[PDB]
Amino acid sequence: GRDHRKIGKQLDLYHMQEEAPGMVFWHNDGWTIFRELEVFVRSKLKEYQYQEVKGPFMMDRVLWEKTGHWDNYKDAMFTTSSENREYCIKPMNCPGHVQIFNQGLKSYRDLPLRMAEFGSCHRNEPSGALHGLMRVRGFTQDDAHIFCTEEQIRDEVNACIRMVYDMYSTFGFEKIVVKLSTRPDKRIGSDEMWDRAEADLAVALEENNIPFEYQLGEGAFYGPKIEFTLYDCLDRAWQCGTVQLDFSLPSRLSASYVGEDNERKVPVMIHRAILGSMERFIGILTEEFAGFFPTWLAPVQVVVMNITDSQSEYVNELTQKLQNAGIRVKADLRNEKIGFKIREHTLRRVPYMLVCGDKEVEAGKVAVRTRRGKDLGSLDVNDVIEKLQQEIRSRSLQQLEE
């Protein structure tokens, strides 16, 4: 099946209740998936030279009123009060990043400054419109903001595009639809600015040999955007990625830097998220893989199991070796038949089941079965461990052969 709500219950990943609508309770195994996704995103953040920060959950309404989103989005925002002051719970991470940017004098030498965050966002969405991990009130955005010059825009958008396709390919998503939203009727800035900004987005797509289409007049008042729609194995469309140019917010929040000519200048801001919601993405992945998460993401990667009582100590040593090797491993030493053990952990979607009979113990080997029902044979212990490690390190979609 491919129902994330069904699979999430079956594999004990998460649940949701009426007491907290649209907000996920991550169980151990789901939180393990979440944390590995974070680790993966972080490796891309380091690769693409992003800083990672953390901003507070709430900020004064007075500050949010200055952003120029208040009039359009006030209904979708949670608020809470303290000592005659009203605070918004953050629906976005951008203003918080500007605050960090505003600490200390910034120079042209500091640009481009790429500031990322796994940002916990809350949006007061209608309860009737909520649906599992897909449509949620509380979520974690794989967010970042690039502060750069006008001249630097193309190269930074280019880097964002690459990062998008790079990340989607890891999960097996090759069919990507790209849409470029152009100038709306109500907008800020000159027409010549919009020409350059739109052109920067289009040229950046062309340089990566990406065909796209327009979304005419669908851009925000503060700049144009690119949206990336991935397609799952059922050919269903999921809009996840976004790259949004912004010639408004930095000026609104008093962001500036010292240029090369020694003059004060306002930086351009690029908003981008690739996965979108980490929660929604996990939901998509769950259905894409039908719960058969690639080994690097699997809550339990390996179960080591004995055929009879005879191999219990061998199982313990091999389990410890896998533990030392960094693998998420469990020993199944229960007084149960080998078929019963295999069926259970197959249903739990454990990538590998390492079976130990007499002939395995005697040879210093292990019999490797996959959750797809494949028998890869009896293999040397050290050799299996190094192959498992390589499958995990490279985040491979495929299991071992034989």
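From 1 onward, residues are counted along the sequence shown. Think of the rigid core as the biggest set of C-alphas that the two forms share within 1.5 Å after superposition.
J.: Please tell me which region, 366-374 or 65-73, has C-alphas lying farther from the displayed form on average in 7 other deposited structures of this protein, with superposition done on the core.
T.: Between 366-374 and 65-73, greater C-alpha deviation in 7 other deposited structures of this protein belongs to 65-73.
J.: Which of the two stretches, 183-191 versus 259-267, has its Cα atoms farther on average from this form in 7 other deposited structures of this protein when everything is superposed by the rigid core?
T.: Checking 183-191 against 259-267 in 7 other deposited structures of this protein, I find the farther stretch is 183-191.
J.: Using only the Cα atoms and their B-factors as the entry lists them, report which of 118-126 and 86-94 averages higher.
T.: Result of the comparison: 118-126.
J.: Please compare 194-202 with 157-165 and name the stretch with the higher mean C-alpha B-factor in the deposited structure.
T.: Higher mean C-alpha B-factor in the PDB entry: 194-202.
J.: When the CA B-factors of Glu38, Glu336, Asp29, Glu52 are compared as recorded in the entry, which is the largest?
T.: Of the candidates given, the C-alpha B-factor peaks at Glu336.
J.: Among the candidates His271, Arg109, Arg280, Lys179, give the one with the maximum CA B-factor reported in the record.
T.: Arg109 has the highest C-alpha B-factor of those listed.
J.: When the modelled residues of the chain are sorted by Cα temperature factor, does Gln244 land in the lowest, middle or highest third?
T.: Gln244: CA B-factor falls in the lowest third of its chain.
J.: Select lowest, middle or highest to describe the third in which the CA B-factor of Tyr222 falls within its chain in this entry.
T.: Bottom third by C-alpha B-factor.
J.: Considering every modelled residue of the chain and its Cα B-factor in the PDB entry, is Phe34 in the lowest, middle or highest third?
T.: Ranked within chain, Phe34 CA B lands in the lowest tercile.
J.: C-alpha B factor of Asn72, ranked within the chain: lowest, middle or highest third?
T.: Ranked within chain, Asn72 CA B lands in the highest tercile.
J.: Lowest, middle or highest third: where is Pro184 by Cα B-factor in its chain?
T.: Ranked within chain, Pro184 CA B lands in the highest tercile.
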